[PDB]
Amino acid sequence: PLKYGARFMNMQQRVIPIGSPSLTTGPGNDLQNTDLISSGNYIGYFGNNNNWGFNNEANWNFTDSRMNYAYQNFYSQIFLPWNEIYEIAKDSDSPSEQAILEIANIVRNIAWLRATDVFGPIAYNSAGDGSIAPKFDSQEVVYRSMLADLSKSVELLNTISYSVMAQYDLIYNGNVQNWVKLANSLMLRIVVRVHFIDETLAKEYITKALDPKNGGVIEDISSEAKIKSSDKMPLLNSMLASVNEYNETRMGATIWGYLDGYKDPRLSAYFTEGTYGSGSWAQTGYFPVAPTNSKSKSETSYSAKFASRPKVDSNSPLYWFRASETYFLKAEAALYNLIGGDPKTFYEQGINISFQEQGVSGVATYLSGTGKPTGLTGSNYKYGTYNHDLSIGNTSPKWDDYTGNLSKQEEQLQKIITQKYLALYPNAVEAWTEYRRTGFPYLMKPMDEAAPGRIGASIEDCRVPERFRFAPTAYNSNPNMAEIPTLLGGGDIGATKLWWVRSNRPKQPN
């Protein structure tokens with residue numbers, strides 16, 4: 001499959017921006033746009049040591065240039081190589097070529113799931129029609145269509161027992177059975193994503209996703225989908241540019257609050273201890289940077305340059321889907337009677353698997369903990385004036401321990417989503433999507449109080465943008481985009497809620 005190789009590897013590096021060490025900071029600038037200074041910053045996985053003069057998405061200013069950039073990083077960059085593969089394989093009678101196309105379809109769909117979850121409507125079904133003016137699908141149609149497409153991929157790949165494109169497969173070394181598991185896992189994630197808005201659709205596929213005869217889902221760490229440097233394609237983890245080169249990405253307040261309050265051993269696995277001051281004055285510890293930082297970049301010994309940093313090296317991988325997520329998805333599914341089983345069991349196994357994924361121990365002690373997330377007081381925060389008590393009306397790790405502010409079922413979901421949030425790190429887009437859909441976990445409020453106003457929201461209804469908006473000028477190049485607001489059911493702005501946002505979405509008490 002020489003004709004598919006380069007194109008397929010390009011696709012894989014595009015799902016979540018990453019590239020060859022020779023491209024230096026390029027892929028890293030892209031990851032900033034998709035994960036680090038945007039989504040990951042909004043939900044508190046990271047904190048920015050910069051405000052970019054309030055000129056970009058970090059502070060919710062969705063400019064034409066940055067949104068066009070986002071469209072490229074979430075949709076168009078991967079469209080290119082996929083389209084060529086499609087053109088070459090779409091009419092092949094060769095089963096091995098059909099398999100290649102379906103594997104390419106899975107990779108495309110994992111990437112475009114992010115695209116629709118970020119923008120809402122996208123050109124999904126029209127993809128490949130060679131149109132100069134792509135027609136967009138409503139988000140509901142994108143979801144319905146993707147589920148059908150995933151089942152199609154699984155049906156075909158389930159008949160393939162030999163290796164496919166091993167030399168160019170940076171994820172599973174040509175093991176089609178694992179690709180099937182990834183496809184069904186994505187199907188599971190999608191079904192859970194729609195159960196609140198469309199339970200019927202959820203039920204139409206969740207059973208097929210978990211049905212053993214269809215290949216199974218990712219339940220073992222050995223089946224996780226991740227990409228990292230290898231002989232097939234050397235790579236430089238794309239978080240390095242922003243973390244070490246630009247000194248802009250640091251540990252977020254929200255995730256720190258949970259890790260600290262829950263006495264989570266993953267705190268040390270995910271982040272480094274920062275330093276404040278120098279010499280005998282230097283204080284060491286886990287110092288977070290608030291979400292949507294309103295302060296300018298600084299590099300003194302008392303600055304965020306030395307706040308806790310994400311632990312990562314050039315050979316570190318980026319994760320597409322991990323076994324722990326599967327368990328949390330099953331937990332929620334069982335909680336709402338979509339599948340059989342005990343929510344608590346799936347919940348605790350998800351945490352156990354996450355600890356194993358991170359190489360940490362003490363899961364039993366962690367599971368019996370009844371502590372609440374730690375708030376950030378004006379005193380504790382050292383990079384400006386900021387405070388938010390994350391503990392208020394929040395929940396603990398222990399399944400049977402209820403705060404009682406929300407209904408019991410609602411708090412159980414809160415525990416599931418909060419723990420999934422912790423296990424998903426650093427998959428920011430998925431965490432951001434899950435927060436917007438459920439309202440969990442509760443987040444540290446943005447520091448820049450002017451940010452919500454930039455997307456048409458207020459400091460009470462939005463702690464994060466509800467979506468990215470398309471670049472206004474893009475409408476000039478494609479007349480089919482004029483329909484976007486109607487497809488959205490609202491204005492093309494960051495405050496417009498996407499299709500899967502559940503009704504009666506909870507908010508942290510005041």
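Counting neighbours? That spans all protein chains shown, and the Cβs are built from the backbone with ideal geometry, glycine included. Basis: the model, the stated rules and, where named, an outside source; no laboratory instrument gave them.
Annotations for the structure displayed:
- If you go through the range 210-247 and keep only what is hydrophobic (A, V, I, L, M, F, W, C) and in a loop (DSSP other than H, G, I, E, B), you end up with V217, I218, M233, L235, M239.
- Put simply, of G257, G174 the only residue that is out of contact with any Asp or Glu (no Cβ under 9 Å at 6 or more places or on another chain), over 30 Å from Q139 (Cα atoms) and surrounded by fewer than 19 Cβ atoms within 10 Å (Cβ to Cβ) is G174.
- Selection status of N83, in a helix (DSSP H, G or I), under 16 Å from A474 (Cβ atoms) and not hydrophobic (A, V, I, L, M, F, W, C): no
- Annotation note: Cβ proximity below 8 Å between a residue of the range 83-95 that is within 19 Å of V176 (Cβ to Cβ) and a residue that is among the polar types (S, T, N, Q) (sequence gap 6+ or interchain) occurs for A89/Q98; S92/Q98; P95/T159.
- Meets criteria (small (G, A, S) and either surrounded by fewer than 23 Cβ atoms within 10 Å (Cβ to Cβ) or outside any helix (DSSP H, G or I) (or both)) for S185: no
- Members of the range 477-502 found to be among the hydroxyl-bearing types (S, T, Y) and either over 19 Å from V118 (Cα atoms) or free of Cβ contacts under 8 Å to residues at least 12 places away in the same chain (or both), listed by number: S477, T486
- Residue in the range 470-485 that is within 30 Å of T395 (Cβ to Cβ) and buried (at least 23 other Cβ atoms within 10 Å of the Cβ) present: no
- Matching entry among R14, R66 (being among the charged types (D, E, K, R) and either surrounded by fewer than 24 Cβ atoms within 10 Å (Cβ to Cβ) or not assigned by CATH to the domain that holds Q98 (or both)): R66
- Leading residue by the ranking (surrounded by the most Cβ atoms within 10 Å (Cβ to Cβ)) among those in the range 108-159 that are under 18 Å from the mean Cα position of the chain (by Cα) and of a type in the set (K, R): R108
- Qualifying residue in the range 231-248 (condition: assigned by CATH to the domain that holds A451, in contact with an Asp or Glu (Cβ under 7 Å, 6 or more places away or on another chain) and hydrophobic (A, V, I, L, M, F, W, C)): no
- Candidate set: the range 379-420, residues that are of a type in the set (F, W, Y) and touching a residue at least 12 places away in the same chain (Cβ under 8 Å); chosen: the one nearest to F328 (Cα to Cα): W399
- Cβ pairs under 7 Å, 6+ apart, first in the range 245-262 and on the phi > 0 side of the Ramachandran plot, second surrounded by fewer than 24 Cβ atoms within 10 Å (Cβ to Cβ): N247/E299; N247/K305
- Checking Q358 against (1) touching a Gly at 6+ places or on another chain (Cβ under 9 Å); (2) in contact (Cβ under 8 Å) with a residue 40 or more places away in the chain, the condition it does not meet: (1)
- Residue within the range 43-52 that is surrounded by fewer than 24 Cβ atoms within 10 Å (Cβ to Cβ) and assigned to a helix (DSSP H, G or I) present: yes
- Test result for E466, outside the structural domain of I197 (by CATH), under 22 Å from the mean Cα position of the chain (by Cα) and acidic (D, E): no
- Test result for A99, closer than 22 Å to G216 by Cβ, assigned to a helix (DSSP H, G or I) and in contact with a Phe, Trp or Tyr (Cβ under 7 Å, 6 or more places away or on another chain): no
- Of all residues in the range 232-287, those that are under 14 Å from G47 (Cα atoms) and of a type in the set (K, R) total 1.
- Given (1) surrounded by fewer than 21 Cβ atoms within 10 Å (Cβ to Cβ); (2) outside the structural domain of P134 (by CATH), index of the condition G490 fails: (2)
- The residue of the range 286-317 that is nearest to the chain's Cα centre (by Cα), among those that are surrounded by 13 or more Cβ atoms within 10 Å (Cβ to Cβ) and without any contact (Cβ under 8 Å) to a residue 40 or more places away in the chain, is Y286.
- Single condition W320 does not satisfy, out of (1) more than 24 Å from the chain's Cα centre (by Cα); (2) within 18 Å of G216 (Cα to Cα); (3) of a type outside the set (D, E): (1)
- Checking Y270 against (1) touching a residue at least 60 places away in the same chain (Cβ under 8 Å); (2) touching a strand residue (DSSP E or B) at 6+ places or on another chain (Cβ under 6 Å); (3) within 26 Å of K445 (Cβ to Cβ), the condition it does not meet: (2)
- Sole residue being closer than 20 Å to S503 by Cβ and either touching a strand residue (DSSP E or B) at 6+ places or on another chain (Cβ under 9 Å) or crowded, with 16+ Cβ neighbours inside 10 Å (or both), chosen from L390, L413, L424, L376: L413
- Evaluation of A423 against the conditions (1) small (G, A, S); (2) free of Cβ contacts under 8 Å to residues at least 40 places away in the same chain; (3) outside the structural domain of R114 (by CATH) shows that the sole unmet condition is (2).
- Residues being touching a helix residue (DSSP H, G or I) at 6+ places or on another chain (Cβ under 7 Å) and outside any helix (DSSP H, G or I) - total across the range 17-42: 6
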